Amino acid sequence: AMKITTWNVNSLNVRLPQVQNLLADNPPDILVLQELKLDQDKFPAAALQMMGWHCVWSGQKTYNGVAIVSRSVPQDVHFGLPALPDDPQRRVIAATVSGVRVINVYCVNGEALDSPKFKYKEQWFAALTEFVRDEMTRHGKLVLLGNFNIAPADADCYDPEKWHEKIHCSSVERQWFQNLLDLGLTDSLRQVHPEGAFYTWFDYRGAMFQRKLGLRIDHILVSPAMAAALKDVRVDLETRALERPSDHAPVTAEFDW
């Protein structure tokens, strides 16, 4: 059995208490985090080790930041994308936990389709595809998860017409998401829940979480042997409902053999 949660925390300094409450109550075997927004030396290692967790992370000042936190030791830790070796933004970290290759990604947002950050998003997703393919040549059990900043289909958008060919929802971005699906990966949530709105992000503005209008952009993609044992996927809107919350909700997947 194995339980893995992904969360875009948006500043790990701010929401560290909520991370520790997440690791205290029905804790997962693996928790990965995006948007730490703290430098490499500022990670709260001691506070998480006190509770019995191993941590491998990649951080920079102010932006980005990824982390893997697990009960067992994360082995063979890789930083970044080989096809993009000069990108200073800390967005990818991979490690093998309990024989399962975890690839944690905080994907480029893109801002706008006419923004330079969208070209950056394009190249970054290409490099990600190459890295994930090469990693899949070596690991039967693989999970590529995190904040993809891409709503796969219209059912992942509270409103497909105003988001028509807008950032997160454009046909190009969905073709990138499909490029990662074509390597042999399964959208685990859509396997367990083929129908319905399972939004994972709600804009801070306009009380959009209260209106329950958001996007499903936080995903857990799994290899074939992982989908064979895939049993459940849930969006922790309760964490999203907390005071001073992240705009993303945690997402958990549950497997067993």
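Don't overthink the numbering: it's just position in the shown sequence, from 1.
Higher mean CA temperature factor between 183 to 191 and 142 to 150: 183 to 191, per the PDB entry. Here the stretch with the larger average CA B-factor, out of 66 to 74 and 228 to 236, is 228 to 236. When the C-alpha B factors of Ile217, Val32, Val222, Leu36 are read from the deposited coordinates, the top value falls at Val222.
Sort the chain's modelled residues by C-alpha temperature factor and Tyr106 lands in the lowest third, per the entry. Split the chain's modelled residues into thirds by C-alpha temperature factor. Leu242 is in the highest one.
Per the deposited record, the Cα B-factor of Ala207 falls in the lowest third when ranked against the other modelled residues of its chain. When all modelled residues of the chain are sorted by CA temperature factor, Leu213 is found within the middle third.
The PDB entry assigns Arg133 a C-alpha temperature factor belonging to the highest third of its chain's modelled residues.
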